[PDB]
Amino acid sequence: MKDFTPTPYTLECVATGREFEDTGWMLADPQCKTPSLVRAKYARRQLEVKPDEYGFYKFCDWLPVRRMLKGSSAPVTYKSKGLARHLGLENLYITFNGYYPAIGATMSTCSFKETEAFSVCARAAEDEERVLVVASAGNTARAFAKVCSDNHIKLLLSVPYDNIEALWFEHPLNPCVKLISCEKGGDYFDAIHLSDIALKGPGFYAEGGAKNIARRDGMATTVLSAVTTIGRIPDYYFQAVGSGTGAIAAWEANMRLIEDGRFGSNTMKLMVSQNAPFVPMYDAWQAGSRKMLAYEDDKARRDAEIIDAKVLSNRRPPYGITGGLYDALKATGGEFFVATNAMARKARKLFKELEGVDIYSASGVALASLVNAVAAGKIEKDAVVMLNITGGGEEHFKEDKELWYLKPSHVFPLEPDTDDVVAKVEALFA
């Protein structure tokens, strides 16, 4: 840890501005009735990037961390040559989160959710005796499983049975990581609901999803990487969204950077995207509603089965909560896009051909939205554009590797019995 001290911060309730000390894992302001995110106010007002040996923690001034964990990697930002020329753009930057050693990208789990894992796990008390509970569509689960296994952190994952192929590892994991799943046909929110049932057990505590400032501020290191590389704040931020937490985080990073002052005073326009036919946040945004629209549960689950990008389908995202995605899009003058599977597949091929690495379908959704925005005349050719490639390099990383898969200890019906779930998860760690 050489010259490290725990990051100093307080919390602010976004709805009221009330400022208070984090007593430990606060996910909300107990004094605020309306649903609201809380947001860190960092005492280190101006960011000082630490040396490369800090890995992901080089951004620790604006991460709510009490220690550093070994073996982390930061996002990498570089100026595009091939893709930029294809799109006619003069100032296209790619922030790459995954495995691409030729550019210095060494996130071995192959997605930006590694930033969440290293941030959240370093916020946790090392003497913590409760089991951390995380729900995920796959990539967050893989990152947390690896970090928690390596660090002997007790972790209960809830992942849809249909998504467990995402839970691959180079070597067997420590038994301190256990998995439960909702049955086949269930979607990400079904796994979230299952995790809420498990959390009724004493001895378990919620990671909290978008409510966890460590998750948001970890993802925001993509923007911190881009701004400190470029030397100014981009005009546009492109990211594919399921919950929207990474776009909320990008906005929050932008606000902190403006307060720092050294990088300019402009606000990046958020350009977010979903994969048709699972586009409920797009639909709510285009309607002008801060509330998610009616969406029959069975139709939503079927739509989640159709999309290529299985991580972009949350029926109950942080859209309307104060500080959530509606507020972020309003504050940034943002826009919402849809990509079909066909567009995402074209984008994956385009990125591999012109930039030299494979990317996930979710990242292809983001790139497809950039292709479409450029074709629509929305992006001036000199604009500074940040394309957040949220996952990639899995094909290269897996080559000539024998993988081990984390499989569920229990699979539960979509509406499970509470006493059954609680007894079973208690026995997993007893």
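One-based numbering along the sequence shown.
Higher mean CA B-factor, judged across 374-382 and 33-41 from the recorded values: 374-382. Two stretches are in play, 356-364 and 296-304, and the higher mean C-alpha B-factor belongs to 296-304. The PDB entry assigns the greatest CA B-factor among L63, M68, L27, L387 to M68. As recorded in the entry, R85 carries the highest CA temperature factor of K146, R85, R123, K113. Among all modelled residues in its chain, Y405 ranks in the lowest third by Cα B-factor. In the PDB entry, a CA B factor belonging to the lowest third of its chain's modelled residues is recorded for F59. When the modelled residues of the chain are ordered by C-alpha B-factor, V14 sits in the lowest third. Split the chain's modelled residues into thirds by C-alpha temperature factor. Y319 is in the lowest one.
When the modelled residues of the chain are ordered by C-alpha B-factor, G201 sits in the highest third.
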